[PDB]
């Protein structure tokens, strides 16, 4: 009876937090079990802070941003917002809000204030592990990557400008450590990976020949693989780094991929038009479908002798 308003994973992929109109619930991703539920009216886009007791959500009733403490069951703070919220991120340090044409940054903890002038952008942004990445406001195929320095004069700060694509950037995904950015355009024809230190192109992958729009991308826990889903509705897995190159070994002849090592064609009802991807393990995956309130579990298999990979769908589970 309860539709899903918004849904997201906590930073490490261990939990799924969803808001319905009547409430918001937190589920354990795998195996899938409801950890808790809380009655809330009109909760909007909603986010989680790790496994901690703090939860952010945007009131669909008002312009408010609620910072909710689950221990004492109250709002520690409410934050006035000037526009609609496109995106939201939490760290034990900062609160990052994408509202309308701008990105606002707030201190996490008293006095919950705005610690830098709003950053104007082109609609696309991501914040993970102290690292901010956002579309440029004028050229939409260009991204800015910058560390947020909490202790410095001068929390801005510095920054690198990468021209990621010709067409405007569709989406952006940081890996866990934060040293790599997966990058996407409206074309969805090809995926790029940049080093966040210098913004240099690390790798380029080809998803397909035809243009499609890309729903989600997520990095494997160990940072070796990247999962991508298109609206053509096939799951792709790319190997960005094999074992040796990931562990930073010396490569005997380095001086001398481009395609997925895996596909799975997903069967999608006419209804569900968006989803999100999580890595259960180095070899596991889960796709979450809001419309169906459904979670599909995928197994990534490797044939040792032929050095080939294949995807398997193990399970499907309603939320509820």
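Numbering follows the first chain given and starts at 1.
The entry models residue 256 and residue 257 with a gap of 4 to 9 deposited residues left without coordinates. Higher average CA B factor: 154-162, of the stretches 181-189 and 154-162. Higher mean CA temperature factor between 24-32 and 58-66: 58-66, per the PDB entry.
Each of 222, 118, 204, 239 has a CA temperature factor in the record; the biggest one is found at 118. Per the deposited record, 86 carries the highest C-alpha B-factor of all listed residues (173, 144, 86, 176). Residue 284: CA B factor lies in the lowest third for its chain, per the PDB record.
Annotation for residue 199: CA B-factor lies in the lowest third of the chain's modelled residues. In the deposited entry, the Cα temperature factor of residue 76 places it in the highest third of its chain's modelled residues. In this PDB entry, residue 48 carries a Cα temperature factor that places it within the lowest third of its chain's modelled residues. In the PDB entry, a CA B factor belonging to the middle third of its chain's modelled residues is recorded for residue 107.
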